[PDB]
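To keep things clear, I will list the structure first and then write my remarks on it.
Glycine also receives a Cβ, built like all others from the backbone with ideal geometry; neighbour counts cover every protein chain displayed. What is reported rests on the model, the rules as stated and the sources as named; nothing here is a laboratory result.
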Protein chains: 2
Amino acid sequence: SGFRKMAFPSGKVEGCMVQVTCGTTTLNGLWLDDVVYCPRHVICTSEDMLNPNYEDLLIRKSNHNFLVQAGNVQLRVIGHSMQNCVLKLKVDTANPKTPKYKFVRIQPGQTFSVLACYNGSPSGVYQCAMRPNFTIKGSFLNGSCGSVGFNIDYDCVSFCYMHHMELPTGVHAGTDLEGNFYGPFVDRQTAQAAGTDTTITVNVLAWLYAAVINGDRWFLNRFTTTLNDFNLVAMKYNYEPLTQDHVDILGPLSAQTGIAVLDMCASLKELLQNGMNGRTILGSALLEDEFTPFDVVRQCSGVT
Amino acid sequence: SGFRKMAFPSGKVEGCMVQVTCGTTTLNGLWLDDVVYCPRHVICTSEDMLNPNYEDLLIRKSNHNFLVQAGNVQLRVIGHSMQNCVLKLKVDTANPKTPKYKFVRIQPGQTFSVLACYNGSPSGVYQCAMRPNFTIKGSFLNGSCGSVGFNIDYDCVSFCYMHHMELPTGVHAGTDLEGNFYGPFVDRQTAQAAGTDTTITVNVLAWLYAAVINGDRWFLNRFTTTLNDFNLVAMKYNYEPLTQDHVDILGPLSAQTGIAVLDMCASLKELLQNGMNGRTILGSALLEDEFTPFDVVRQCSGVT
Ligand SMILES: O=C(Nc1cncc2ccccc12)[C@@H]1CCNc2ccc(Cl)cc21
Ligand SMILES: O=C(Nc1cncc2ccccc12)[C@@H]1CCNc2ccc(Cl)cc21
């Protein structure tokens, strides 16, 4: 028992981190097979970021201007291309530590682990979620660009995020490994404000199920509700609307605890309306929404 | 910016995890050089746990009764010894992935990363702290025994914890890598209740400094206090007494923000007395105490 914000073991991804320098900009790259992936803004100076024309800027760059260093050995760059907001640097050597991998574009509400890196070296690993407003609440400093987000299924690493920027609000924006930003963000030093950060209802319910499994049962009440009644309350509290798809996905947690999904919705509805009254759930004084139903089942069953 | 409960990259420790089976009990072991470390309760059946005499039980075990499997290849056991509550299994092969390492015994209030494992395979990584009552609030299921806690300083892994048991309250107890339990716990299936879980004051102040650095400044007030006045309030709220050593350790955070330590104590004192009033600090509705001053400086500077 016990419930923690757990990240995937990062070893498979640490073996892929390299440093990419172009001129005076140094950031991280991801080395898979003979290709190094990195944010295209590695070719920019801070002055270029105001209004960069990446195609024009890239014309003044050759293979030898991209310095790729893995550990402490230099990789030879034999090709470069821009795909959306990422640069793919073809190196002459395949990464011998390349794990089995996929590039996936995740949906908001989905969680992933981030291995924060600086100068191609890992500093830490943490778990976060793609927010409904397509930002992530990460922990990134200058130089962290190119750090990646991923999930692991047994031996396959599904890369889903590459870090590109921090918005003035301290939230983070980035792309999938094809270079497409999550949300409406653009890799430019301009006024970009995040939209409403709504709460991921299905995740909060999964975490309520995790609390029941781990012994925290005080919030269970004698009520039930309907999807429509629950959603009237959820909209008022800037919670995402709950769908039958979400109820279906919560099925295994409902089966394990014997608490019907709509009964858990009524419990959540009362927690929204009455607050916690100074109490905690799984050591938290707020409703946690960065654990998916899959994460709860995984953590409570011990998938390796 | 952004502040997350960050764990160390786990790769160096993943390369050390093996599976140890003795009879019908399977748990995890740590393979460093030619020695595999594991909880001595691997030699027990659940019936033995009621009142085990480990010396007597170990007499009926030979080298060939300890099955050590690294990945999917069997290691040959050429010696075994009991040191306190751990077994050291001498294997004929040194772990080729052994990182630079130390065995350290940590003090309460110190934080570390745990790589939770099942059948010698990593499932996840999370950060936690040695509580003042010598328990840890982990996330461990049956089979997780032998999972380790560690810190990394550049390339050196300081192993500090080996997981042994879960108390009836859902908190966890374990040993340092010399087999000595943290706290008064014994590896026996008996009535062991944890003591008062006090809050690590120095860590809460470090996290208040992290919040100021990351923009959350609403809790800063116009007051100051003294160590004695602050400690009168801290005792009332089951917070550890703050010492001049703690003030000294908070010095770099005080310098970075320009907020004197005793002024931050007055802010904390008001937060204890008045509560949060429905507000949050670094996305939390409670005062977080599992970040040391070293962790705050590390995360805010990007040590790799
Ligand atoms: O955001 C960026 N980098 C960072 C990323 N994460 C956390 C940071 C913390 C502190 C300083 C920088 C950080 C970069 C540089 C600033 N301007 C800018 C504009 C557009 C793009 Cl695509 C990238 C950037
Ligand atoms: O605590 C133990 N294991 C576990 C450890 N962590 C989380 C667990 C969750 C669920 C089931 C077991 C868990 C073991 C078995 C039970 N009794 C026992 C008594 C003494 C000692 Cl030293 C070990 C043990």
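Miscellaneous remarks
- For segment B:146-164, filtering for residues that are within 14 Å of chain A (Cβ to nearest Cβ), within 12 Å of the chain's Cα centre (by Cα) and surrounded by fewer than 24 Cβ atoms within 10 Å (Cβ to Cβ) leaves 1.
- The condition (being within 23 Å of the chain's Cα centre (by Cα) and under 23 Å from A:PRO132 (Cα atoms)) is satisfied by just one residue among A:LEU287, A:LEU282: A:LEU287.
- Checking each residue in segment A:165-199 for being within 27 Å of A:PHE294 (Cβ to Cβ) and within 14 Å of chain B (Cβ to nearest Cβ) picks out A:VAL171, A:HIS172, A:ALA173, A:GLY174, A:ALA194, A:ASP197, A:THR199.
- Restricting attention to segment A:266-300, the residues that are at the interface with chain B (Cβ under 10 Å from one of its Cβ atoms), within 15 Å of A:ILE249 (Cα to Cα) and touching a residue at least 40 places away in the same chain (Cβ under 8 Å) add up to 1.
- Residue among B:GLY138, B:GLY120, B:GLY170, B:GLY183 that is free of Cβ contacts under 8 Å to residues at least 24 places away in the same chain and either away from ligand 1 (no atom under 16 Å from the Cβ) or within 30 Å of B:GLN256 (Cβ to Cβ) (or both): B:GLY170
- Those residues of segment A:56-69 which are away from chain B (no Cβ under 14 Å) and either away from ligand 1 (no atom under 16 Å from the Cβ) or within 26 Å of the chain's Cα centre (by Cα) (or both), in sequence order: A:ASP56, A:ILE59, A:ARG60, A:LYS61, A:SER62, A:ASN63, A:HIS64, A:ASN65, A:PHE66, A:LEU67, A:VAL68
Condition check ((1) among the aromatic types (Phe, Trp, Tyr); (2) under 22 Å from A:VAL233 (Cβ atoms); (3) crowded, with 17+ Cβ neighbours inside 10 Å; (4) assigned by CATH to the domain that holds A:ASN221) across all residues:
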residue: A:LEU262; (1), (2), (3), (4): no, yes, yes, yes
residue: A:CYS265; (1), (2), (3), (4): no, yes, yes, yes
residue: A:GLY275; (1), (2), (3), (4): no, yes, no, yes
residue: A:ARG279; (1), (2), (3), (4): no, yes, no, yes
residue: A:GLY283; (1), (2), (3), (4): no, no, no, yes
residue: A:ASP289; (1), (2), (3), (4): no, yes, yes, yes
residue: A:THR292; (1), (2), (3), (4): no, yes, yes, yes
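- Matching residues in segment A:1-47 - criterion: being surrounded by fewer than 24 Cβ atoms within 10 Å (Cβ to Cβ), assigned to a strand (DSSP E or B), away from chain B (no Cβ under 14 Å) and not hydrophobic (A, V, I, L, M, F, W, C): A:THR21, A:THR25
- B:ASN72 being more than 29 Å from B:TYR154 (Cα to Cα), free of Cβ contacts under 8 Å to residues at least 40 places away in the same chain and within 14 Å of chain A (Cβ to nearest Cβ): yes
- B:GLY174 meets all of the listed conditions (1) within 16 Å of ligand 2 (Cβ to nearest atom); (2) small (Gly, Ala, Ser); (3) more than 20 Å from the chain's Cα centre (by Cα) but one, namely (3).
- Candidates in segment A:90-145 are the residues that are aromatic (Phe, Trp, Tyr) and over 14 Å from the mean Cα position of the chain (by Cα); of these, the one that is nearest to the other protein chains (Cβ to nearest Cβ) is A:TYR118.
- Any hit, segment A:91-101, residues being part of a strand (DSSP E or B), surrounded by fewer than 23 Cβ atoms within 10 Å (Cβ to Cβ) and in contact with a strand residue (DSSP E or B) (Cβ under 9 Å, 6 or more places away or on another chain): yes
- Restricting A:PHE134, A:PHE150, A:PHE140 to those that are among the aromatic types (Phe, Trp, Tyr), farther than 20 Å from A:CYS22 by Cα and touching an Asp or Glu at 6+ places or on another chain (Cβ under 8 Å) reduces the list to A:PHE140.
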